Amino acid sequence: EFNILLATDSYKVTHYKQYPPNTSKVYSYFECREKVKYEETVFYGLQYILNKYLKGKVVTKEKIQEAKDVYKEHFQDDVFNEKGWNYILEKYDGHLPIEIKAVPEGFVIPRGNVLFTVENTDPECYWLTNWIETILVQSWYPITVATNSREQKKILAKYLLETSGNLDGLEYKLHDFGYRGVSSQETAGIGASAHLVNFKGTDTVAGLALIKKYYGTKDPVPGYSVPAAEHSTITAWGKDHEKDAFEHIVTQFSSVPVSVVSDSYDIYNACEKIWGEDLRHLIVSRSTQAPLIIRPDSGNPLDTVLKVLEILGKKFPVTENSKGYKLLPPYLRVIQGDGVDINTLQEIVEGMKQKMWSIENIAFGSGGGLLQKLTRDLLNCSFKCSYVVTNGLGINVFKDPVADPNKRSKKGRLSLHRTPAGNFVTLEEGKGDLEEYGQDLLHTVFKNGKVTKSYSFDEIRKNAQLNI
Amino acid sequence: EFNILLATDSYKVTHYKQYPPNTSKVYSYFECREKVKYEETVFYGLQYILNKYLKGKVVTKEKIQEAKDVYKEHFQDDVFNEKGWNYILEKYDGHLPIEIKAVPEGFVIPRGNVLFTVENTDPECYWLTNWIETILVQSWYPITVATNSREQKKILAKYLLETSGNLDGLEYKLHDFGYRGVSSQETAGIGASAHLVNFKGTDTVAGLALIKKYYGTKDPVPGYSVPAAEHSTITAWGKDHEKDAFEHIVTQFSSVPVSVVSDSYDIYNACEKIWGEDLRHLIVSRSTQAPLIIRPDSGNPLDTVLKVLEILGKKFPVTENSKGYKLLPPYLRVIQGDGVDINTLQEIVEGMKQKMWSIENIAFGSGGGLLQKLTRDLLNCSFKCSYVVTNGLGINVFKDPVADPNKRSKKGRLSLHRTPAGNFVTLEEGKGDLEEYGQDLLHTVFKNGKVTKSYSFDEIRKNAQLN
Ligand SMILES: COc1cc2c3c(c4ccc(O)cc4c2cc1OC)C[C@@H]1CCCN1C3
Ligand SMILES: COc1cc2c3c(c4ccc(O)cc4c2cc1OC)C[C@@H]1CCCN1C3
């Protein structure tokens, strides 16, 4: 049912009429333009797009007719290029005559570098390069989710290492709760998969299926969850029976970790009186492999975390780890899953450290902040034409708006290189062909309807690892 | 290839073990909780979800086995409720034993009112009400896009009325440019469909297909566009040939409206020297039905709009309308489609009014600001359990967190009524059954796998009209 002829910005339908006459090549590129800092970006998600939308026979006689009929009404005019699309159907069996070169998935690249390039492989299809901009520029989302997720991992690693002396359990310190808070089922899958580049905990089941279909893992699944209560399973017992709900849930899940939302009526009373006194005998009996994870879900996230830890530290036996930081017993942990984004995550771990609480005690859950409150503007994700051939001559093209030099685009044929210090540089104006900086790091990943280079999710996770 | 058994928050897989024993009924509701204020919301998008995801045979033996295999690995344990899902397959031929009642689509409802309710119709399926919360709560996105778009329409209507004395072309004053700035193809269609509740201009073609399939219009399409240049079609001509690019494009599109991005190198030079002198002869000759629409795309959105209008006003014949506001000639208009969201739109029309420019002169295009930069928290969209039947006894259920009184949920069986002054009131604790108000405004839209009541896009548009 997907029709690539109907998967572009409307105005692109009219572009074949606007290019200079005798244009044989249009060459475009994607970058996260330069200027939390977000100095480096995780390149993730293009392989999903190539496989789901671009590869194989994407043009049929029925798809051309459907698009002709929609655009006739949408524009109230006959501007649709049926001839160009028929050419692709008849000459290439509806395979796109396009070459895409990209940096490997999971690579961590500084801002302002070429990440992928797109060009037509047939001169008659000069107009196709920018037709597919809309579908390829959506790459911004998994790039931005993967990047923002990795930036939160860097904060958790710094504070976990300072307060505990190791990074054990780091991949489980940020759990994806974003399924309800995203705009669609398709978005849930894409965003959850991008989070699983960096972490292993997710409630967003749609992410597992996407990874298995488009990337692959050695392991049966790329992420995991544990049993957890919500407000409906506590509040269903009645206002006077919160203790009965808690006793039932921890007894049902006595041998596995279990998360219990504790703020239905009064989080402080739940921690001090219900967990800390009435049900304490059911908690101190649990295995190290099956902790109670208390989940506050309302109020000021920092103030609530600090008060919950002070409460639990007075009702349960607290130890002092080798770094001097307080540690709850191994059958008891906290997860803060409300109001968490990269800024509040920083504030909580810093406030915990100042009160001498180990980051071993806490994990975070993020919903909207992890998968929804991100824009194409956060990393200045941009797709621009840099090179055309018109009357057999290559010309270097760019924009350079007077009022915003940050929107200046790169000129000519691009390539990505290692510098002598081992950093990245993007060469412009075809200067990569001089091989003063060695070989281009971009690889052909799509050519003429075929995916030509692919990466497993395992390779992507290894590429995206923290420097440590 | 969608499997409703795999379309929930993972933890919901475990909830059938957490509810009180002898629970026969779980009843839950959606609202935009009370605290631009966004005092009223456009209810839009549930019918999409009911038809795409919830209706008909959604359970098969193969879907149950697939779910069982995934959950075994995801939890490293066998917690999946295979028996519950098998019961629905055998007893209802895989149709969901759920009743959903909703306010009519397009209705504009004040914050803090019930918009829809969900309950199981079979006692064995008490667990199913909140299993489908994840899919249903995503209704927040079309509600929020439709609501934010209508709030922008209110600002434009106010300023167009004060500066021009009428609302002609209001439905073409905010164009959807959001396709590349959203997170997915599916989000693009949903968001574009929500904008078309209020406006007619879109570049997001995916919205048209969604409206045709799930809602329907008397007109062949719900939304329109005009030819437009992008930086690629101007810059491809070369840095020294911007004039040649502009001339080619307006000549190819001489008899239709055409938008031309004019900031590739220098927006001010383009307006004053290229449009205003070198190509002025190809502009002043155009039909009122085929204006040149100049599109700045960089800089401070307010400062750039006001400077562009000042430039054009010195190069082209400006009139003064009956309200005393300046009006460009009919063959010349402007569209600002960079940095536009609800706050900047207000800043620009207010700044224009202060410089005595009519809002007739300007349209807005919005991308990320219109379809992407919105969260479930903006309208406090929430799905909560309000009523359960345990041991044959009905109990009013709710949350009331000590630290956030704004997160208090409603109690018991709910109903939506007209007040004697013609406002809306949500009645709690089954008090709607006393019939002290008129009829419940919630109608059954889904029952036992069937969509029971459908709205056309034309009725939705009429419900969402401005006062
Ligand atoms: C021993 O303490 C813990 C164990 C887990 C386990 C998982 C887990 C998944 C997501 C998440 O957000 C947290 C956790 C977790 C948290 C714990 O303590 C805070 C999944 C794995 C699959 C088999 C064994 N499971 C253990
Ligand atoms: C006469 O001036 C204008 C006309 C239009 C027309 C459309 C239009 C669509 C989207 C949009 O954002 C703007 C416009 C527009 C803007 C104009 O002036 C600024 C679509 C319709 C389909 C047949 C006739 N078209 C006219």
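Values below: every heavy atom of this structure, side chains too, minus hydrogens, waters and symmetry copies. Every chain is numbered from 1, with letters handed out A, B, ... down the list of sequences. In listed order, ligands and their atoms are each counted from 1.
Using cut-offs of 30° and 60° on the angle between ring planes, the pair B/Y11 and B/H15 is perpendicular.
Pairing each heavy atom of B/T304 with each of B/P296, the nearest pair is CG2-CB, 3.7 Å.
A/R295 contributes no side-chain N or O that, together with a main-chain N or O of A/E230, makes up a donor-acceptor pair within less than 3.5 Å. Formation of a donor-acceptor pair under 3.5 Å by the A/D297 side chain with backbone atoms of A/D263 is not found in this model.
A heavy-atom distance below 4.5 Å is found between the side chains of A/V70 and B/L208.
Between B/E360 and B/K173, none of the side-chain N atoms (NZ, or NE/NH1/NH2) sits under 4.0 Å from a carboxylate O, so this pair counts as no salt bridge.
The 4.0 Å heavy-atom shell around ligand 2 contains residues A/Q76, B/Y172, B/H175, B/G201, B/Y224, B/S225, B/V226, B/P257, B/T288, B/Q289, B/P291, B/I293, ordered by chain and number.
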